[PDB]
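Just one chain follows, in the form solved without the named molecule, and it is written as structure tokens.
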């Protein structure tokens, strides 16, 4: 087939993730994202069940694609001499959480709860599929502005989920845990929960709590916005300095602040004016 299956549109962005274009599958007018990744700029490689050399990102995306659409799913991929082209789902209208927070500032707790809850369901789905994202942050979360549904993107810093220690890391440092800063060692789940604490603080305060290594290691969270005591508690639990003092996903989702969550469509009607 080749590249007659997709009509290329405007470039949506570029960076550490490659170059991502807006596209449309010619067969059924479905919106898609066309991500180009240069072979020379890739570091983590893997293999597909059928014995073929591909970027780890494709390995991981394939393992999480299907039914529960909490992750932007991989529809197809191609190999060129110097790059890999990935065809992904695309939402329209859409906005990432970083830009959303830039425009609107600190989110009301009701909205932050619906969003965080959806992120939690999406990360559980990844772990269930044997995948560790390793770069959970607002830039890697997209919002369906009509449906109020969030979707996790960019598995370029991810890894297969394991129960042993990780000694490599190439995600975002200000979202990285103290055990990584001090010892260059972490376990997947507890490191994920720490990033989720940074993300929740970021949603309810309008910015991340720590910028410097010294601040991450000290682990003291100061609040700049009015935030309920139950919400502050959940953030500080997720940001416990000892990994084993952090909650599991189940404990996060059963926490008092996480009760009575709005469904995505309700969330959009109240807060996205849709």
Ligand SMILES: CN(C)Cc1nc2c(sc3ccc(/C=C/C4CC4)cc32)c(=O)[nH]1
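Residue numbers count along the first chain shown, from 1.
Keep in mind that the form solved in complex with the named molecule is missing from the display, and what follows is about it.
- Figure note: of the listed segments 159 to 167, 134 to 142, 177 to 185, 108 to 116, the one touching the named molecule in the entry with it bound, with heavy atoms no more than 4.5 Å away, is 134 to 142.
- With the partner removed from view, the residue among 240, 33, 221, 54 that has a non-hydrogen atom within 4.5 Å of the named molecule in the entry with it bound turns out to be 33.
- For the candidate set 126, 72, 204, 193, a heavy atom within 4.5 Å of the named molecule in the entry with it bound is found for exactly one residue, namely 72.
- Within this chain, residue 122 is remote from the site of the named molecule in the entry with it bound, having no heavy atom within 4.5 Å.
- Within 4.5 Å of some heavy atom of the named molecule in the entry with it bound lies at least one heavy atom of residue 17.
- Although the partner is absent here, residue 12 lies within 4.5 Å of the named molecule in the entry with it bound, judged by heavy atoms.
- Contact check for residue 85: every heavy atom lies farther than 4.5 Å from the named molecule in the entry with it bound.
- If you take 146 to 171 and check each residue for a heavy atom within 4.5 Å of the named molecule in the entry with it bound, you get 153, 154, in sequence order.
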